[PDB]
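Two forms, one chain: they're shown below as structure tokens, one block per form, named structure 1 and structure 2.
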Structure 1
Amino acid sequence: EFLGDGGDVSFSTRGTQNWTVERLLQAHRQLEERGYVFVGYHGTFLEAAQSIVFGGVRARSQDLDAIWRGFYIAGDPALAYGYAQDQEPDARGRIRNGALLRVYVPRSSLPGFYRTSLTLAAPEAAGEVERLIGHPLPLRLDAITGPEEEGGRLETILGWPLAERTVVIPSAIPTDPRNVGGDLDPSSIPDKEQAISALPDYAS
């Protein structure tokens, strides 16, 4: 259990229960001590956050193409935040805010991390990434970081094999239940979390 101590952690529209930036700090120190390193944020809906944190990352399907299939994260919490919410409404039109998660990978997995300046959405990106990674997509126990299709923000994709090796914990950066869909309010980012958010150096 890499969640540190305090009470039971629970995701909810009111905010991640029993999660404070201080507990995150304890959790972060424990992970680092165990040889894990932070690689980015992952925004998703509440239940997927719960599953990811306590069950671990688990690929489910889509092999025909989905060439870029994998676990998408981002060094910049603002990019991942856009995804921390339900993808479709319920029968009554409600779209709940989700949660931001912190993704860690064993340091021994770092050799598989690559970065390119080429926008991943570019048509020839696949060919360039395959050259960079040394094999045909999909990504395996490796990852690639590159500019989002449009926006300039760097997105990181973890091959499912790598993703399933991660330890993921809640972020102390909250989503706003009053502003679903809205952009991340940078002032809602705890200084203490920003402090433990440096990324590892990737190969290019």
Structure 2
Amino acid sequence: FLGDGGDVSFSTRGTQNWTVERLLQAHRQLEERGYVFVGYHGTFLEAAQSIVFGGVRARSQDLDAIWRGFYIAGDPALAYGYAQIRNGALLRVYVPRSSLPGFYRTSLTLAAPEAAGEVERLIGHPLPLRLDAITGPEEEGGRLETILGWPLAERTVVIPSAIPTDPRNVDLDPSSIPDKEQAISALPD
């Protein structure tokens, strides 16, 4: 999914060997196989390492936590809110375009007790999310953050973003987001 070229490597120095060029190619390949970008996921260096080269996996703990899921965000401004004291990495998250019917939206804010009831009505099954995703407001850096049920989360293809992080700003600077990626990043649900 990386395309070709060198070895993508996360560093505080910056994601090694990753160009918006590479981005456009690996995005086009995914689009040709039915995948659609649903937002960003900001995390720290070795966690980025794991996800990209190992895949999104759940944690054999807390199996029944009601709001368990993999969080992402439409605007990297919000995603950017996540990274290590010492500098993280931003990733773009893809799902097959077919699962989009299972993405719901609510105005209540997620992971709060009064949203549980409403969210189960949308999802049509008691939580936690299974192959669903739910978006509701409650970001800060912007409203709107999305939770992916882990079964969906683990079947997404994840790749580095071209938006970089700064060891001085640990919010997000507009000027740093490549305009080519600005284009790639429109949203479905």
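In this text, rigid core is short for the largest set of C-alphas that superpose within 1.5 Å between two forms. Start at 1 and count along the sequence of structure 1; that gives the residue numbers used here.
Core-superposed comparison between structures 1 and 2: CA of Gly151 displaced by 2 Å or more. Positional change of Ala122 between structures 1 and 2 reaches 2 Å or more at the C-alpha, relative to the superposed core.
Relative to the superposed core, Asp65 shifts its CA atom by 2 Å or more between structures 1 and 2. For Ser108, the displacement of the CA atom between structures 1 and 2, after superposition on the rigid core, amounts to 2.1 Å. Once the core of the two forms is superposed, the Cα of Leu137 has moved 1.1 Å between structures 1 and 2. With the core fitted, the CA of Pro190 sits 0.3 Å away from its counterpart between structures 1 and 2.
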